[PDB]
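One structure is given here, and the rest of the page talks about it.
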Amino acid sequence: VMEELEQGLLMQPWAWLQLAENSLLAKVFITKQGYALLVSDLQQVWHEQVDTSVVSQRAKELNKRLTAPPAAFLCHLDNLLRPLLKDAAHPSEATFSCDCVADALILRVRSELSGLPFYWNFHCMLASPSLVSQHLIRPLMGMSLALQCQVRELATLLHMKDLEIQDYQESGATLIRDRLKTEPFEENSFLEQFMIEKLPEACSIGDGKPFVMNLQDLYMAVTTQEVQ
Amino acid sequence: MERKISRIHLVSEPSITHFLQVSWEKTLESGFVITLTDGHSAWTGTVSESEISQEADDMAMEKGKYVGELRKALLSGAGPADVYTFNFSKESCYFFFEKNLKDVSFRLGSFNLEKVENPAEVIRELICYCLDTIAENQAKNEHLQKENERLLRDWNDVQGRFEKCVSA
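Top to bottom, those sequences are chains A and B.
Take -9 as the starting number for the first sequence in the working numbering and just add one per residue.
Take 302 as the starting number for the second sequence in the working numbering and just add one per residue.
Written as structure tokens, this is what we have:
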């Protein structure tokens, strides 16, 4: 139960949330026994794990007039949230708002179910140092190392290709098209040029959209490997 | 002045049907009067603009959407896929209807009806209204059928004359 939810949250990819001009990065894991949520804004990380009793109590308090078993509530919440997180630009039906309490965060979600209002509230406390570390720092660390290894392998491939180009040029005919000529690859020169020119835009985090849009698969793979 | 009679299956005794008649002046927004009957005893109640507005506000719903949902539920406006469940506690004289939504039920309306001492009068009035409307519908159908037959005969005659003219 608890371990199941923790593992499901760990092995989930980050998703982008837009709400009242604000942006957030959210990971969600729903199950019949409860749900786990981890939200962040690149400055603070909040985590909330809720079981059957808490979800039932909160649903009764919020939806005064929605009598249903907690499992059905969890299933409906999953059906409402998962498609939105997975793909952006989805038909706008789930409105979100965030209230930043002095310590906690209140995420209010209002949606439509068969034309009827449906309210829910996530009361997220500040994430524990261990959870935030395990969810962001170590996985990001692994992705950085894996990308460094990828760059090294691609540099080796470029060295092989440059050697073979030199072999062709040493004993070969002229080029049918002269516009396809390429200069020899230098790792130091390429690194310096990239750092001087395109690092300011390449490393621009912004609001977190590029991170979720670009390299979520690597994050998922690194987290799955770390699990084992 | 409009009125609609509908059939319902109370969950307390889902073996014998009940009939509910709801009458309104222009639209359900302003208000209406509802009367539930089962053939032996009847109950009556009224909903005003203030009551419906308060219920909608408690629902945090748009007035138009709430009115449309009420029309669908009460006027037998069943959609392609939607089930509404009604139940009337006789001991407390409390009748309320909910929108069953595949294991998640959302209560839609609730009222307290007063047991009218005389059910015979309301049953007789309902029967009289039904007879009047069926007679009116029969007369309208007869008139429309007669007009259609006459128009068809005229069209046949004109078509024949047109054929003769084009031939000539």
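Cβ atoms here follow ideal geometry from the backbone N, Cα and C, with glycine treated the same way.
- In the DSSP secondary-structure assignment, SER406 of chain B is bridged to A:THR57 and B:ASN401.
- Taking the Cβ atoms as the reference, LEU409 of chain B lies roughly 43 Å from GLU448 of chain B, outside the contact range of under 8 Å.
- In the DSSP annotation of this structure, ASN449 of chain B is not part of any beta strand (DSSP E); the continuous alpha helix (DSSP H) holding it starts and ends at 420 to 468.
- Judged by beta-carbon spacing, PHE412 of chain B lies beyond the 8 Å limit of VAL334 of chain B, meaning their Cβ atoms are not closer than that value.
- Contact annotation for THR57 of chain A against chain B: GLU399, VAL405, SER406, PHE407 and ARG408 [CB-CB distance below 9 Å, chain order].
- Using a Cβ-Cβ distance cut-off of 8 Å, the segment 120 to 139 of chain A and the segment 205 to 213 of chain A are in contact, since at least three pairs of beta carbons, one from each stretch, lie closer than that value.
- In the DSSP assignment, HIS113 of chain A is bridged to A:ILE96.
- The beta-carbon of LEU375 of chain B is placed no less than 8 Å from the nearest beta-carbon of chain A.
- Taken in chain order, the members of the segment 363 to 374 of chain B whose beta-carbon sits within less than 9 Å of a beta-carbon on chain A are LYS366, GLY369 and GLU370.
- By the Cβ test, the segment 308 to 318 of chain B is not in contact with the segment 36 to 44 of chain A, since fewer than three Cβ pairs between them sit closer than 8 Å.
- Taking a Cβ-Cβ threshold of 9 Å, none of the residues of chain B is close to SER43 of chain A; the smallest such distance is about 18 Å.
- Using a Cβ-Cβ cut-off of 8 Å, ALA361 of chain B counts as an interface residue toward chain A, since at least one Cβ of chain A sits closer than that to its own.
- Residue-level contact check: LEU402 of chain B touches chain A, since one or more beta carbons of chain A fall below 8 Å from its beta carbon.
- Neighbours of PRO107 of chain A in chain B, taken as residues whose beta carbon is under 8 Å from its own, are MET360, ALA361 and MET362 in chain order.
- Setting aside the 5 residues that flank it on each side, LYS199 of chain A is surrounded in the same chain by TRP6, each with a C-beta closer than 6 Å to its C-beta; the list follows chain order.
- With a cut-off of 8 Å on Cβ pairs, the segment 56 to 76 of chain A is in contact with the segment 96 to 115 of chain A, counting three or more such pairs.
- Annotation for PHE389 of chain B: the continuous beta strand (DSSP E) segment containing it runs 386 to 390.
- Taking 8 Å as the cut-off, the beta carbon of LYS364 of chain B is found no closer than this to the beta carbon of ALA374 of chain B.
- Proximity of the segment 47 to 55 of chain A to the segment 17 to 33 of chain A falls short of the contact definition, fewer than three beta-carbon pairs being nearer than 8 Å.
- For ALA62 of chain A, the C-beta contacts it makes with chain B under 7 Å involve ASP404 and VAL405, in order along the chain.
- The beta carbons of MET115 of chain A and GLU(-7) of chain A sit no closer together than 8 Å.
- With fewer than 16 other beta carbons inside 10 angstroms of its own, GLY380 of chain B counts as exposed.
- Linking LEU75 of chain A to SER101 of chain A through their CA atoms gives a straight-line distance of about 14 Å.
- With at least 16 other beta carbons inside 10 angstroms of its own, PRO60 of chain A counts as buried.
- When DSSP assignments are scanned along the segment -3 to 43 of chain A, no uninterrupted stretch of alpha helix (DSSP H) that is 4 or more residues long falls wholly within it.
- Separation of the CB atoms of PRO420 of chain B and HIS319 of chain B is rounded to 13 Å, and the pair is thereby denied contact status at 8 Å.
- With a 10 Å radius around the Cβ and a threshold of 16 neighbouring Cβ atoms, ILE353 of chain B comes out buried.
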